> 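Shown below is the structure under consideration.
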Amino acid sequence: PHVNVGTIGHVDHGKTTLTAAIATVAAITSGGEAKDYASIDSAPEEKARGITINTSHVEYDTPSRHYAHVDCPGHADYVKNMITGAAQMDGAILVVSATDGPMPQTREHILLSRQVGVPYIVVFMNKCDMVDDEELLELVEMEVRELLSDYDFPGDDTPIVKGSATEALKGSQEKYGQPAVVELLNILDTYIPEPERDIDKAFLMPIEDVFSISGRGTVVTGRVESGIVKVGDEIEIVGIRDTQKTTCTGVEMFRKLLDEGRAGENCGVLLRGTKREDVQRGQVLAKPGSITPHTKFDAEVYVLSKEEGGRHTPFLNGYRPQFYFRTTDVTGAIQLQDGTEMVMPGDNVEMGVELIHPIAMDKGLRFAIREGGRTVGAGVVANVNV
Amino acid sequence: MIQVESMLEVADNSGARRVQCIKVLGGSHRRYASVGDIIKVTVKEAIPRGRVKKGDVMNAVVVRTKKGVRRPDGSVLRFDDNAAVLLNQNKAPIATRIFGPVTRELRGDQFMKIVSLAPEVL
Amino acid sequence: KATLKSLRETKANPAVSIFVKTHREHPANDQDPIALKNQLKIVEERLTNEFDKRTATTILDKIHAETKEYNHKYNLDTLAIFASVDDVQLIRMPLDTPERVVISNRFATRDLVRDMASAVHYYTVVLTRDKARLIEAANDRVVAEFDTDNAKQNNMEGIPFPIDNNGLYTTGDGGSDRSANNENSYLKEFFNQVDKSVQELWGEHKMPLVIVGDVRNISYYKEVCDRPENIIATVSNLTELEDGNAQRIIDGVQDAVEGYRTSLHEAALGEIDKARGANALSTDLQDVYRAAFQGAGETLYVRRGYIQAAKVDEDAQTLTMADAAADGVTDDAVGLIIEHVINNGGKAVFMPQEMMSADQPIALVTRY
RNA sequence: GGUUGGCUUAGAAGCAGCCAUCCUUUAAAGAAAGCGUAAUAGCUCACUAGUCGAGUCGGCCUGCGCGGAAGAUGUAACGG
RNA sequence: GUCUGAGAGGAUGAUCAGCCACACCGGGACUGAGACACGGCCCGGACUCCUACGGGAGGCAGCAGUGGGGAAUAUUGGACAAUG
Ligand SMILES: Nc1nc2c(ncn2[C@@H]2O[C@H](COP(=O)(O)OP(=O)(O)O)[C@@H](O)[C@H]2O)c(=O)[nH]1
Ligand SMILES: [Mg+2]
């Protein structure tokens with residue numbers, strides 16, 4: 001199996017050093033590779049979807065499953081990676097320095113994980129080799145537990161493991177080194193449940209092109225991004241218009257029928273009864289009741305600074321840009337909260353959005369904010385309202 | 001061997017009946033167009049209520065010539081008419097049916113739907 | 001007071017602007033009195049609801065005294081009424097605007113601004129094989145004709161207009177009899193001299209020029225012109241080039257003058273793209289309002305006929321969308337943008353509907 | 001340092017433009033000779049002190065030179 | 001026959017019944033008591049489809065139904081229990 005993980009926390013707390021530590025320790029039994037610190041600290045920059053991110057993509061595997069490990073060399077890089085969702089992390093290794101643990105970077109990182117929808121956080125504290133005492137370590141543990149509880153995370157039942165990344169790289173068998181990274185791997189292999197597959201999720205398929213075939217009905221094309229669609233499956237059309245019922249009467253690709261339409265492939269699907277003008281690009285096909293349309297929602301929005309292309313001017317309440325949801329752009333009006341009138345570029349906060357017409361969304365969906373074709377920010381849905 | 005002011009039969013389902021070469025494309029003083037060569041034509045006779053009106057100026061590809069096309073073994077391959085297939089503004093076939101045979105010099109990437117729809121590909 | 005720069009000056013409260021669609025000929029102009037009265041009804045009911053009956057029934061009588069004596073057969077494209085207490089101005093303009101009533105502090109002069117922005121001042125060079133004329137024109141009318149009593153010709157060193165082609169071959173004197181076939185070179189050098197006179201007059205006032213004549217005449221002129229980048233259009237199908245009136249030629253160049261005005265709007269698309277790529281272009285309505293209000297607006301690009309009502313308060317500079325335009329909002333929120341951009345030394349360009357997108361109807365090139 | 005001189009201007013903060021050239025800590029520092037900014041910001045300069053140590057700086061006139069200086073049969077504008 | 005009209009007339013020819021003609025378009029016949037044959041043959045054609053490019057297949061104006069056209073007209077039902 002495959003799982004995506006990453007180290008979050010305050011700068012200088014040893015996230016990169018710890019990532020190298022797991023790399024080298026997983027290199028035992030050749031599962032990983034002895035990884036140099038500098039190579040991973042030199043994260044390449046990719047300007048994907050008009051957004052530039054420094055991310056170091058570390059990879060390694062265990063007898064349990066393979067891990068995709070994510071590291072960023074700065075707070076802006078971490079925020080961009082979470083919100084643009086280059087690789088959704090279903091598990092986060094909160095790196096806490098044994099001294100000065102709960103810094104504001106960790107403060108905002110935990111909240112960002114909560115908003116973007118990271119389901120599980122595993123706490124690891126490093127720099128224990130610089131700390132000779134025990135009761136301040138316990139105080140730091142209590143602080144991080146309380147902070148996790150403060151943002152809907154378990155906290156009390158959150159596994160906390162203690163060690164030192166420098167000792168792990170050195171090779172010392174002292175409990176704060178290799179043994180520490182070894183348990184940390186154990187919690188990674190046990191506490192983190194196996195993530196759901198795309199083909200195992202509920203069926204969903206955004207509609208990109210609407211056809212019609214004589215004798216067959218209405219054909220809508222698009223890449224199925226979850227579940228499976230088969231002839232005889234009851235499906236519903238959700239999006240711009242009000243939800244309509246239909247039934248699958250055929251799945252075809254290149255004018256040839258398929259046994260079923262699986263997630264990840266650009267299959268076309270036939271609809272029963274629906275007309276060529278009763279459905280349009282932007283709507284999605286979903287299992288009945290799996291998703292619902294909404295115009296008002298609250299999202300974690302990162303405003304691109306001018307350095308990423310971005311935008312010269314700040315966001316403000318009443319700004320109404322275009323919002324892009326997987327196949328379509330829709331005008332939404334930015335609605336800030338009390339005490340947020342000005343929203344500086346390069347920052348990230350939670351805003352409410354009111355779309356001009358409903359879009360099939362649910363918590364965790366990601367979208368781009370643009371005007372004139374220039375990306376001015378990225379976002380992720382954190383709550384939907386009616 | 002098609003040159004300017006030479007009439008060509010239309011070998012596709014485009015509505016044109018006869019076209020006249022008004023330019024041999026691909027060179028400053030290029031004289032002749034054989035099979036596979038792109039020419040500029042004016043449609044001289046068209047079918048009523050068709051895709052192409054009489055008097056349009058557009059692109060065509062030569063698909064068979066009366067002079068003939070040579071093969072590597074030295075053989076020549078001659079036809080009884082000079083025929084063309086009308087093309088798009090980006091030099092792509094606008095045909096859903098091809099009439100008569102075409103030669104195998106149309107193999108490539110841009111004249112593939114002309115070879116697949118041809119009744120016979122020599 | 002019937003000008004743009006008196007209506008921008010006057011600050012009444014309330015200041016009523018009424019726009020009525022009228023027609024130039026009969027029987028189309030038969031519904032002009034009805035449309036005028038219909039607009040006066042909505043504005044009279046708006047004033048009695050917004051301020052009071054007394055203000056409504058003094059403003060309405062002030063405009064009724066003016067509109068009582070109205071022919072309605074000499075109507076232009078629109079009838080604009082600018083009214084207040086103790087003042088009513090009645091101007092007919094040749095532009096097409098949608099019927100609206102604007103009640104605000106200002107006098108809703110966005111269409112006057114848009115008509116002043118669509119104003120071409122050019123030269124008309126009239127070429128024949130026999131003579132040459134020069135007409136200086138402002139839009140549809142001629143400013144002058146460059147006669148021998150024009151006085152912009154006083155201190156000239158070239159031949160002044162009208163320029164007779166009195167070359168040696170035209171009269172038969174000199175040499176080089178017809179068999180040498182130098183007629184083309186004689187015409188080319190005569191048009192070179194005509195262009196010398198044109199350039200000597202242009203250097204003093206630098207307007208664009210339209211070239212009018214036969215195809216071969218204007219082509220010979222384009223061969224020979226010393227500054228061929230100042231030419232905007234050539235018109236070869238104009239008639240009566242020697243005896244014709246100066247106005248008559250100006251009439252025949254109108255299609256070319258409008259084609260040039262359309263080209264000057266297609267060329268603004270590249271300016272908008274340059275602003276967008278330099279991150280100096282604001283397109284949100286609230287963004288454009290803020291930028292224009294704090295003096296950052298360099299050029300405003302407004303789609304033709306784009307009107308929007310919004311709740312504007314400049315103390316906090318928040319332009320929220322209106323609901324019914326009956327709650328105390330500003331009727332023309334985009335006309336307020338146009339006024340602020342003109343106030344802060346900017347330009348407003350009113351872009352036609354087929355070059356500007358319907359969904360992105362406004363675009364402001366900012367100063368930073 | 002008063003000080004973003006005053007005015008004007010969307011902005012005019014030494015440096016768009018118009019009217020003065022003031023005072024203070026001074027060894028010295030212009031209500032600024034340039035670059036830069038939308039305006040600020042920022043980098044210089046004038047000026048002063050320090051280091052090194054002997055001549056140096058800029059105008060005027062005169063003579064002879066340099067560039068400005070591209071054509072058609074062949075060098076081809078000292079006859080060679 | 002139907003509507004109308006006092007009638008004479010006028011208009012009309014859905015559903016029911018009789019007769020006729022047609023069965024993607026043109027032509028020829030075969031077999032048979034009976035056809036120049038709605039879900040048969042042959043040839044030709046237009047269109048649609050399959051193909052390994054050599055070749056092949058098909059005809060809802062039967063009943064459901066689809067796309068399309070339209071102002072507008074229905075179920076992709078059950079049974080041979082009854083009359084045939
Ligand atoms: N002694 C000790 N030093 C550490 C440990 N982890 C990190 N460091 C030091 O802290 C520095 C910064 O940590 P780093 O991994 O770069 O943090 P990041 O850049 O935010 O991911 C590194 O260069 C290490 O030298 C640790 O566990 N023990
Ligand atoms: Mg790092």
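Excluded from the calculations below are hydrogen atoms, water molecules and symmetry mates; all remaining heavy atoms, backbone and side chain alike, are included. Per chain, numbering begins at 1; letters A, B, ... match sequence-line order.
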> Determine the Euclidean distance between corresponding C1' atoms of D:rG79 and D:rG59; express it in Å to zero decimal places.
49 Å

> Relative to each other, are the rings of C:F107 and C:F82 parallel, tilted or perpendicular (30° and 60° limits)?
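Answer is perpendicular, since the angle exceeds 60°.
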
> So C:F293 and C:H340, would you call those rings parallel, tilted or perpendicular, with 30° and 60° as cut-offs?
tilted

> Syn or anti for D:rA29, taking syn as within 90° of 0?
syn

> Could you tell me which nucleotide pairs with D:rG17 by Watson-Crick or G-U wobble geometry, both distances under 3.5 Å, or answer none if nothing does?
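D:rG17 is paired with D:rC7.
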
> Looking at D:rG74 and its strand neighbour D:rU73, I'd like to know if their base rings stack, meaning the ring centres are under 5.5 Å apart and the planes differ by less than 30°.
no

> Atom OH of C:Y368 and atom P of D:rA12: how far apart are they, to the nearest Å?
11 Å

> Who does D:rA77 pair with, Watson-Crick or G-U, both distances under 3.5 Å?
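No nucleotide pairs with D:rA77.
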
> North or south: which describes the sugar of E:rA6, going by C1'-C2'-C3'-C4'?
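On the sign test, where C1'-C2'-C3'-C4' is positive, E:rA6 is classed north.
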
> Evaluate the stacking of D:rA41 against D:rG42, requiring that the six-membered ring centres lie under 5.5 Å apart and that the ring planes differ by under 30 degrees.
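Stacked, because both conditions hold for the base rings of D:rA41 and D:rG42.
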
> Just by the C1'-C2'-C3'-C4' torsion, is E:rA11 north or south?
north

> When syn is taken as a glycosidic angle within 90 degrees of 0, is D:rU4 syn or anti?
syn

> Starting at NZ of C:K347 and ending at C1' of D:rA10, how long is that distance when rounded to a whole Å?
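About 16 Å, once rounded to whole Å.
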
> Checking side-chain contact (heavy atoms from CB on, under 4.5 Å) against A:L271, which of A:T249, A:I207, A:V220 comes through?
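Result: among A:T249, A:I207, A:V220, A:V220 is the only option passing the side-chain contact (heavy atoms from CB on, under 4.5 Å) with A:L271.
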
> Can you tell me, in whole Å, how much space there is between the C1' of E:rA11 and that of E:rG5?
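One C1' to the other, the span is 11 Å.
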
> Determine the Euclidean distance between corresponding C1' atoms of D:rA54 and D:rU26; express it in Å to zero decimal places.
32 Å

> In whole angstrom, give the distance that lies between atom CZ of A:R216 and atom P of E:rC49.
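After rounding, the reported distance stands at 12 Å.
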
> Under a plain distance cut-off of 3.5 Å, with no hydrogens placed, do C:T318 and C:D313 share a side-chain donor-acceptor pair?
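Judged by distance alone, the side chains do pair up.
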
> Looking at A:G261 and A:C267, what are the two nearest heavy atoms and their distance?
CA-SG, 3.8 Å

> To check you understand the geometry: which heavy-atom pair defines the closest contact between C:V288 and C:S282, and what is its length?
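Heavy atoms of C:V288 and C:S282 come nearest at CG2-O, 3.2 Å.
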
> Roughly how far, to the nearest 0.5 Å, is CD1 of A:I235 from OG1 of A:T246?
5.5 Å

> With syn defined as a glycosidic angle within 90° of 0 and anti as everything else, classify E:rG54.
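The base of E:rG54 is oriented syn (glycosidic angle within 90° of 0).
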
> Between D:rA10 atom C1' and C:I337 atom CD1, what is the distance in whole Å?
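Those two atoms, CD1 and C1', are 15 Å apart.
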
> To the nearest Å, how far apart are B:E120 CD and E:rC53 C1'?
10 Å

> Between B:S116 and A:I213, name the one whose nearest nucleotide on RNA chain E is closer to the 5' end.
B:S116

> Is D:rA31 north-puckered or south-puckered, judged from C1'-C2'-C3'-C4'?
south

> Looking at the strand neighbours E:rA52 and E:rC53, are the centres of their six-membered rings under 5.5 angstrom apart while the planes meet at under 30 degrees?
no

> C1' atom, D:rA12 versus D:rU3: distance in rounded Å?
15 Å

> Taking the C1' atom in each of E:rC42 and E:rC53, what is the distance between them to the nearest angstrom?
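To the nearest whole Å, 26 Å.
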
> Please give the distance between the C1' atoms of D:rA28 and D:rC47 as a whole number of Å.
5 Å

> Syn or anti for E:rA72? Use the chi torsion, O4'-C1'-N9-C4 for purines and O4'-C1'-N1-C2 for pyrimidines, with syn inside 90° of 0.
anti

> Measure from CE on B:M112 to P on E:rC53 and round the result to the nearest Å.
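In whole Å, E:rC53 P and B:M112 CE are 14 Å from each other.
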
> Which listed nucleotide (D:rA10, E:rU66, E:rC47) is nearest to the side chain of B:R97?
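Between D:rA10, E:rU66, E:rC47, the one nearest the side chain of B:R97 would be E:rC47.
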
> My parser flags sugar pucker from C1'-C2'-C3'-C4'; what should it report for D:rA27, north or south?
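North pucker for D:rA27.
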
> From the set D:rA10, E:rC47, E:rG67, return the single nucleotide nearest to any side-chain atom of C:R367.
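Minimum distance to the C:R367 side chain belongs to D:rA10.
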
> Taking atom types as modelled and ignoring hydrogens, do the side chains of A:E307 and A:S305 form a donor-acceptor contact shorter than 3.5 angstrom?
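Checked: A:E307/A:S305 side chains show no N/O donor-acceptor pair below 3.5 Å.
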
> Using a 4.0 Å heavy-atom cut-off across all strands, classify A:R276 as base, sugar-phosphate, or nothing.
nothing

> Considering only atom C1', compute the distance from D:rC66 to D:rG71 and round it to an integer number of Å.
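Those two atoms are separated by 26 Å.
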
> With syn defined as a glycosidic torsion within 90 degrees of 0 and anti otherwise, which applies to E:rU73?
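For E:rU73, whose glycosidic angle is within 90° of 0, the conformation is syn.
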
> Starting at OH of C:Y289 and ending at P of D:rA10, how long is that distance when rounded to a whole Å?
17 Å

> Of all the choices, E:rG67, D:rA10, E:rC47, which nucleotide is nearest to the side chain of C:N344 once you look at every atom?
D:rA10

> Please report the distance separating the P of D:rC35 from the corresponding atom of D:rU9, rounded so that it comes out in whole Å.
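Straight-line distance between the two P atoms is 26 Å.
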
> How long is the gap from CE on C:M351 to OG on C:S357, to the nearest 0.5 Å?
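Going from the CE atom of C:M351 to the OG atom of C:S357 covers 11.5 Å.
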
> I need the A:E260 CD to A:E265 CD distance, nearest 0.5 Å.
8.5 Å

> Confirm or reject stacking between E:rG70 and E:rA71, applying the criteria of under 5.5 Å between six-membered ring centres and under 30° between their planes.
no

> Determine the sugar pucker of E:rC53: a positive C1'-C2'-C3'-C4' angle counts as north, a negative one as south.
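Because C1'-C2'-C3'-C4' is negative here, the pucker of E:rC53 counts as south.
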
> Can you tell me if A:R272 touches the phosphate of E:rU76, counting only side-chain N or O atoms and a distance under 4.0 Å to OP1 or OP2?
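It does, given that an N or O in the side chain of A:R272 lies less than 4.0 Å from OP1 or OP2 of E:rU76.
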
> So which nucleotide from E:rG67, D:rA10, E:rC47 ends up closest to the side chain of A:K275?
E:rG67

> Would C:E9 and C:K1 count as a salt bridge (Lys or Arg N to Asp or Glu O under 4.0 Å) here? Give the steps.
CA-CA 10 Å; C:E9 271 67 12; C:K1 206 200 144 261; over 6 Å; no

> Is it the case that D:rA13 stacks on D:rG14 (six-membered ring centres closer than 5.5 Å, ring planes within an angle under 30°)?
no

> Using whole Å, what does the distance between atom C1' of nucleotide D:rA38 and atom NE2 of A:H312 come to?
10 Å

> I'd like to know if D:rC22 and D:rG11 make a pair - Watson-Crick or G-U wobble, with both distances under 3.5 Å.
no

> Nearest nucleotide by nearest heavy atom, which residue falls closer to the 5' end of RNA chain E, A:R255 or B:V121?
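So the residue in question is A:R255.
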
> Once pairs are restricted to Watson-Crick or G-U wobble with both distances under 3.5 Å, how does RNA chain E read as a dot-bracket string, [ ] for crossings and | for other-strand pairs?
((((....))))...........(((((............))))).((((....))))..........................

